[PDB]
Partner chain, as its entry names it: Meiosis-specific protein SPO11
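Here we start with a single chain on its own, the form solved without its partner chain, put down as structure tokens.
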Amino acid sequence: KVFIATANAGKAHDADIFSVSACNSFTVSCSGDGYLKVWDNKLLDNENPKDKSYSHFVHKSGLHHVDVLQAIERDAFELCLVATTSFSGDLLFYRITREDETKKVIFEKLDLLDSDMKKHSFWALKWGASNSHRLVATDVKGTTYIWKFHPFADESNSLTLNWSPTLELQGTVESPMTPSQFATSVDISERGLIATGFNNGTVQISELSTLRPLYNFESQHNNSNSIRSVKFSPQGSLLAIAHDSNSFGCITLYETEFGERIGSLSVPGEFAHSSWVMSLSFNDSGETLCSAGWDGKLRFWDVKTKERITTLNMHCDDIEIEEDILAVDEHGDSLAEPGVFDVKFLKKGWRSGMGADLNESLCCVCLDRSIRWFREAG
């Protein structure tokens, strides 16, 4: 299989674009300048993604994680909720709606957290859809938090679709080590497991129903050995972990019943990327894993064979509109091969236009302040 660029936007935010997510209706990015940007996914051929993009200021400290929940309630009612975390440690929520028939996006801030929860400094977050919805987040001190999301305050509201969301805290999972370390990443599986990655290379697996830690393991080994991304495969009992290993980027695979290391992904072998693997994203079936590297590459791996199928090399001049190419950074250094901060697979049908319809697609955000979309080709 191969992946081909379909649309992109250069100078898409005014500062680093650290995270990107998506739902059927749109792709959403966040940046260190403090803004969220929503990108309409139903894009007409040759249409400029920027034309249909909407910006919203969130917090002056900048934003480093975003995820969106697009709930389908009763087959006809859109509930699209963006959760985003700021460098200040705040966890903010916005309901995304569209104007009557202007298509103009409206962001409504929702106050869902209690005052005591706001005293924590949150880092990673992830929506766990359709199970009552679930939200998981970590804080910088190492704790993992789990809430149940409810679109209606009570059944009388549900019966009239009077959206009135609430976030009900289920509990927390404490870090396994002392002193506690920075929890850089988290994921929630479709089968009731939570994984939390730390900047010392440790990963802790917990049970979603009891909120009890099951076990914790270490990647292995002055140099950084930080975990950067943890993702459960949608199929089977596999967990992919991206982590630093002496200036290089690794991806190690683990079976989730006991946490045994069962394999690794690398290109002719030693490492997955020549620099850090910043993020990971599985496709819908879980047969392909895309990794985003600080080396400016997206690599696509066939999970079964553990082989790299294809590699896309990001370049600042990939940007279609010449005026939006950002060829050097603020220090004047070349952005010829911009590191990739995050990558996200989009479900079949989410992306419209540029021949993507009916094929799965992908989006990544890079160090040259760009956002790029690709479609899987035959």
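Positions refer to the first chain, counted from 1.
Missing here is the form solved in complex with its partner chain; even so, the following discussion is about that form.
Screening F107, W147, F87, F152 for any heavy atom within 4.5 Å of its partner chain in the bound PDB entry leaves a single hit, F87. Residue in contact with its partner chain in the bound PDB entry (any heavy atom within 4.5 Å), chosen from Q204, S233, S281, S226: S226.
Remark: of stretches 348-356, 324-332, 311-319, 37-45, the one touching its partner chain in the bound PDB entry is 324-332 (heavy atom within 4.5 Å).
Within this chain, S53 is remote from the site of its partner chain in the bound PDB entry, having no heavy atom within 4.5 Å. Although the partner is absent here, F182 is a contact residue: one of its heavy atoms lies within 4.5 angstroms of its partner chain in the bound PDB entry. Its partner chain is not drawn, but in the bound PDB entry it has no heavy atom within 4.5 Å of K344. When its partner chain is considered in the bound PDB entry, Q70 lies well away from it, no heavy atom lying within 4.5 Å. For a residue to qualify, one of its non-hydrogen atoms must sit within 4.5 Å of its partner chain in the bound PDB entry; none of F26, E78 and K126 qualifies. Heavy atoms closer than or equal to 4.5 Å to its partner chain in the bound PDB entry belong, across 192-207, to one residue only: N199.
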